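So the protein sequences, as listed, match chains Z, P, Y and A. Straight run, no breaks: the first sequence in the UniProt record's numbering ends on number 85. Straight run, no breaks: the second sequence in the UniProt record's numbering ends on number 83. Straight run, no breaks: the third sequence in the UniProt record's numbering ends on number 84. Straight run, no breaks: the fourth sequence in the UniProt record's numbering ends on number 208. Note that the Cβ used here is the ideal one computed from N, Cα and C, for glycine as well.
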Amino acid sequence: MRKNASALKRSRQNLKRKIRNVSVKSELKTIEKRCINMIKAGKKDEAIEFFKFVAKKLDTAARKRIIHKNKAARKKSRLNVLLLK
Amino acid sequence: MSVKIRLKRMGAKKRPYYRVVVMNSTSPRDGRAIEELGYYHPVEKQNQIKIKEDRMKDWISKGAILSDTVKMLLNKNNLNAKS
Amino acid sequence: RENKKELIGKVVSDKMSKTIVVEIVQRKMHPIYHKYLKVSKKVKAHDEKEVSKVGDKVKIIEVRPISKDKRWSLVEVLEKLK
Amino acid sequence: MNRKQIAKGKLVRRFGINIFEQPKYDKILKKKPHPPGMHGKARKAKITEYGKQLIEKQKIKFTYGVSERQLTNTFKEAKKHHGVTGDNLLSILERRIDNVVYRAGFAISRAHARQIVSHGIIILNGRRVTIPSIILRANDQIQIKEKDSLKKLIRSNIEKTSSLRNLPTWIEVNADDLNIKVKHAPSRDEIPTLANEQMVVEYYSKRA
RNA sequence: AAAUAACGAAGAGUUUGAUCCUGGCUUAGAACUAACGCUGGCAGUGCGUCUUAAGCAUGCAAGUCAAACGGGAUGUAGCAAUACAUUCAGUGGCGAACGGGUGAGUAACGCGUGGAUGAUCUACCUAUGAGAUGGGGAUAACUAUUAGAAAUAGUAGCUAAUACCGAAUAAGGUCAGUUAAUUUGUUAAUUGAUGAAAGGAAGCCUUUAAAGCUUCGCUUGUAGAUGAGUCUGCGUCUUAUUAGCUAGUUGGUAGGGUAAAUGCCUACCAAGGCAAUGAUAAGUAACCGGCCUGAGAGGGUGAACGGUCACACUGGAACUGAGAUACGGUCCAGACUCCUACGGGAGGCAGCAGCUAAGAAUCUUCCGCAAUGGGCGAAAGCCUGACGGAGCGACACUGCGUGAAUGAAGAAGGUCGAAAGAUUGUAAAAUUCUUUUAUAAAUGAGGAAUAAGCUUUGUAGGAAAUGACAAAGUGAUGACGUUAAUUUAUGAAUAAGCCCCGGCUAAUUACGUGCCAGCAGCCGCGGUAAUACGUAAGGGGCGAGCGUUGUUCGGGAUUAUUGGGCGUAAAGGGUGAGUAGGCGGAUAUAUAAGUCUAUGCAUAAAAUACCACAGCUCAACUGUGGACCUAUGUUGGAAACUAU
RNA sequence: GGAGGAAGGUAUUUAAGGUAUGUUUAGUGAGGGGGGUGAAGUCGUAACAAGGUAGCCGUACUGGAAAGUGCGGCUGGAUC
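Encoded structure:
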């Protein structure tokens, strides 16, 4: 049917925002994975430092509303509890 | 949603009546009424406006948005009540 | 806490883990003849302490879902079958 | 009201009573008592109760010149109130504006008053009205239009009808101003009787 | 004799030679989103693809912001820049998840109703606590170029922003420890870790910048309102000639994921879970407020309107986003249609009209955003096939007219007769009167409020204007529309049919036909004198309608709780013992599930349904109040009866 | 060098498609079976009277056909 400029523009913006969103999400996943792996390594002190770093990344993303702040809070809870262990 | 106070239309062809009503913006013009506030009958020669002043004030405080027509209805009702 | 509904029933099964089955009997209108009918409805309930066993009368409360069927929790044992 | 093919002499003859109160129809009854048709003199078999109910219903319907179906609505409205259903029905029928004019004598017959009211002559409580199915309430006024020809017409009508008929006690007629005032709803006893109204009510009870 | 309450329940035909009873069938009534046949004037309101969730030409139905930003083009000022104004696309903001349509699927927490959410989310709105300090890198547009018929994808160079990304401190943020409460994941305090940001227009004047200031905005936080997700008690079709079903199936321990609980998902550990108190299966169906019917109880039903749910060609999937598993967004597969330069692409009217097919059966390829509502914007303003109206269809509902008053022992004809006369029939004719309607002209309310802008007052603010708010006045604007209604002008002028006449069932005679032709809802009529066939004359019913057919209820007490039966009419099991179930002596106490009451208190949206009072000339229709039931929850009582 | 960022590869889940086996349901099918209406046609006369062998119920056998007979049961059986 008749191509709406609004719809076309919204599709373009959709791709634009998707690239940036997925990049940040993968950032989060891999940073979280490194963190848990050296939690397993038991490296208490740089586990401290890296948890600092990962929490920074998490709630930076949450401020950007890339992901919900509840998701950020849940990840922080669990990961910090594991380091508490 | 953006709760608004507006006029819900009732009546027949060429003889409209309105109910001063409290209900969401997205809701259709004649859908659920979170509350009623009064009536406005423009084709009547008498008793054209009657609204529940206290309830409308309470809803305004809560954060409802008045359409222009209901806003001037409130003004005119204040005038006629004073008179 | 306020108006969570409570039910009183008879424990009909215990061979689960941390779970009991409560058979509750509800009296109901018949729409026409007005005489009541005893309806038997079976619900699952969460029993954390394995307190209750078959044959006794217990009380259960509504909770969040704990499993696919288990949506009730034990509150107290009204009558314990000797 | 295409009542050109319902010549009322036939009706007055079958009913055996002058339901229009016109002397010509009194004369027709005097001349030809028998029912219409070629078998009018022929002996008629006994009539069923359904026939008697129908006879009374038709008496009322043709007396007040109302479509049967409208009369059904009238009965359904009368039944909605407590009290003597026949009285409520007769009152609602009687307070018809054309019937009010006929009672006041401003017209010759009910058909004449119907035409008068339909032709935009009657003025109701300070306004012109053009239809004959108005049900007046207590404390209402008929005035006559501001046209000299109409005023003389009404005066001719009233001077004619004054001798023949009478003038009900629930109407206040002022022939000087051509004013009609309705005081209160008529009582049963102050309504002339031409049919058995509770036979009518029984007839319409079947339609349920 | 009386009092009060009740405001409401009609039958008939038909088994027999005849009778009573049982019993089925039929019938008078009220209805429908109806169709068909004959006929057909108008107005108002409402309704108008019930079938193929079949295929679809065409037009339209979602855009807006230039006061977010960099540019291109144009006109003017200009030497050029730059300004002023217009315009175009791009980046960006918001909307597009609303409004609208349909009922295919779904016997299910889907729906109705009352709750739970210490397992939840919530842009825009209102109030309010704090703030907004400084940098960096790209990128469209643009200029070229590659592949290409086009769709379009790429490539290289340059540029900005309320676009994008770090950095400094954080106010009630998040997470973790600690303590204090609360006792599912709630709140408060402390420590540690850690989370930010946007400025644009206008006025002011130290020249100005600066500096503060107005409005719209931005970051963070809470509260209220609104909506949504999830769960739950109760109600929610037929067939038991559907008897076993389920193996992520049941529960547990961890983990995946979600705003959030849960086999929602996965890995292990057990074999459990459901079921003659109906599991599972098959068939049918969107649900509810309601509609029809009925005295009521019930029965049937889910048109329009309103709420919820599901779907948008068939079947999946994720992205953006506060909100979608997205009707006119994207990706893939399949069928179908169309364009190709043969490499490949384009499309989804169950949106408003309209076309084809199907069907007994349903509309204009219309006007306008004036009012109401919604989106964007500071505003002007733009968009709105929602909605306001118009046209079409007797489809339903309601009202009006087609004349009115005099007028003969009584015109002609028609019909029945013995050819006295009856009947059509005061009907017509004739005379008189009137003009709703018809035509013409004039007059002409109301739907309308004002908006921007302008004038003025007052308040917060301040050094002050601009501006914001409160109030007054001024201030363009009606598609409908030749509006509703009103006043004159001409004149009976413009206007009735349909069904029936044996009983049921209101209404009879004459000809033609002769068990032929035909009628019929039932009983039944027609074989040479048919009130039943066909045509005329009369009579009855209703009336711009009248009949027929289809479907529902009523009459049917013919599924009988109100309110039926089982010796012989259809109906007592061959008999007994007993499980579940139902029911059960006298009496005391306690509980208060049932019951009753204060018709407490609430909830049962609105409309509809009932009673009054109002506005459309009335009515239909429309509006404002007032209630009657009975349904759930809850508070305090009564205790006889059932129950414990 | 993080960023494994983004393409690419691999793996799980999955629509469509294909294969196999049972299962529900709607048409059709040579021929066969009984049922109803039209037949008032053919054969016989079983039942209704004591129906001319009293009738009927359950079961078994037999016969063109209605039916016949054995066993037990019933009167809802004339007559005396």
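{"query": "Closest by CA to P/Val3, which one among P/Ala81, P/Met56, P/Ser83, P/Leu74?", "result": "P/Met56"}
{"query": "According to DSSP, simplified to helix, strand and coil, what is P/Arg6?", "result": "strand"}
{"query": "Which residue wins for smallest C-alpha separation from A/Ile171, given the options A/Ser163, A/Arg103, A/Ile154, A/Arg127?", "result": "A/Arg103"}
{"query": "Ordered along the chain, which non-local residues of its own chain (more than five positions away) have a Cβ less than 8 angstroms from that of A/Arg114?", "result": "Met1, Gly65, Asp98, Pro132"}
{"query": "Checking the sheet assignment: what are the DSSP bridge partners for Y/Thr21?", "result": "Y/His48"}
{"query": "On the DSSP letters alone, give me the boundaries of the beta strand (DSSP E) that P/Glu36 sits inside.", "result": "35-40"}
{"query": "Assign A/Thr169 to one of two classes, buried (16 or more other C-beta atoms within 10 Å of its C-beta) or exposed (fewer than that).", "result": "exposed"}
{"query": "Would you tell me roughly how many angstroms separate the C-alpha atoms of A/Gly126 and A/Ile134, rounded to the nearest one?", "result": "15 angstroms"}
{"query": "Measuring CB to CB, does A/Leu124 end up less than 7 angstroms from A/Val182?", "result": "no"}
{"query": "Please name the residue in A/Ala111, A/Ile55, A/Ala208, A/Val100 whose C-alpha comes closest to that of A/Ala7.", "result": "A/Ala111"}
{"query": "List the DSSP bridge partners of A/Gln141.", "result": "A/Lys181"}
{"query": "Within the stretch 42-77 of chain P, note down every full beta strand (DSSP E) run reaching 3 residues or more, in order along the chain.", "result": "49-51"}
{"query": "Please name the residue, chosen from A/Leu90, A/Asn196, A/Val173, that lies closest to A/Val101 on a Cα-to-Cα basis.", "result": "A/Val173"}
{"query": "Work out the CA separation of P/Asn80 and A/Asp177 for me, nearest whole Å.", "result": "40 angstroms"}
{"query": "Quick check: does the Cβ of Y/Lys6 come within less than 6 angstroms of any heavy atom belonging to the ligand ADP?", "result": "As for the ligand ADP, it is missing from this structure, which has no ligand bound."}
{"query": "Could you tell me which of Y/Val79, Y/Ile26, Y/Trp74 sits nearest to Y/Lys6, measuring between CA atoms?", "result": "Y/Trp74"}
{"query": "Report yes if the C-beta distance between A/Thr85 and A/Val201 is below 7 angstroms; otherwise report no.", "result": "yes"}
{"query": "Excluding the 5 residues preceding and the 5 following Z/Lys71 in the sequence, name in chain order all residues of the same chain whose CB lies nearer than 8 angstroms to its CB.", "result": "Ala62"}
{"query": "Identify whether A/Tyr50 lies in helix, strand or coil by the three-state DSSP scheme.", "result": "helix"}
{"query": "Whose C-beta lies closer than 7 angstroms to the C-beta of P/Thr69 among residues of the same chain, with five residues either side of it excluded?", "result": "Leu7"}
{"query": "Kindly indicate which three-state DSSP category A/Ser118 falls into: helix, strand or coil?", "result": "helix"}
{"query": "Quick one: residues in its chain with C-beta nearer than 8 angstroms to the C-beta of P/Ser61, no 5 flanking neighbours on either side, listed in chain order?", "result": "none"}
{"query": "A/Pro186 and A/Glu94: beta carbons closer than 7 angstroms?", "result": "yes"}
{"query": "Applying the criterion that 16 or more other CB atoms from any shown protein chain within 10 Å of the CB defines a buried residue, is A/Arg96 buried or exposed?", "result": "buried"}
{"query": "Please classify A/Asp87 as buried or exposed, where buried requires at least 16 other C-beta atoms within 10 Å of its C-beta.", "result": "buried"}
{"query": "Going along the chain, which residues of its own chain have a beta-carbon closer than 8 angstroms to the beta-carbon of A/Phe20, five neighbours each way excluded?", "result": "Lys8, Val12, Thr63, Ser109, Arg110"}
{"query": "Taking 7 angstroms as the threshold (C-beta atoms), are A/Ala195 and A/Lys79 in contact?", "result": "no"}
{"query": "Under 7 angstroms Cβ to Cβ from Y/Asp58, same chain only, skipping five residues before and after it: list those, please.", "result": "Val13, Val79, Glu81, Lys82, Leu83"}
{"query": "If you run the structure through DSSP and keep just helix, strand and coil, what is Y/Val53?", "result": "coil"}
{"query": "With 16 as the cutoff for other CB atoms within 10 Å, does A/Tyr203 come out buried or exposed?", "result": "buried"}
{"query": "State buried or exposed for A/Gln53, treating a residue as buried only when at least 16 other CB atoms are found within 10 Å of its CB.", "result": "buried"}
{"query": "Quick one: Cα of Z/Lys43 to Cα of Z/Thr60, how far?", "result": "25 angstroms"}
{"query": "Identify whether A/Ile17 lies in helix, strand or coil by the three-state DSSP scheme.", "result": "coil"}
{"query": "Would you mind giving the Cβ-Cβ distance between Z/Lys57 and Z/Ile36, rounded to the nearest angstrom? I have them listed as a contact below 8 angstroms.", "result": "14 angstroms between Cβ atoms; not a contact."}
{"query": "Among the candidates Y/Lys72, Y/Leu76, Y/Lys30, Y/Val45, whose CA atom is the shortest distance from the CA of Y/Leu39?", "result": "Y/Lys30"}
{"query": "In the DSSP assignment, the beta strand (DSSP E) including Y/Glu64 goes from what residue to what residue?", "result": "59-64"}
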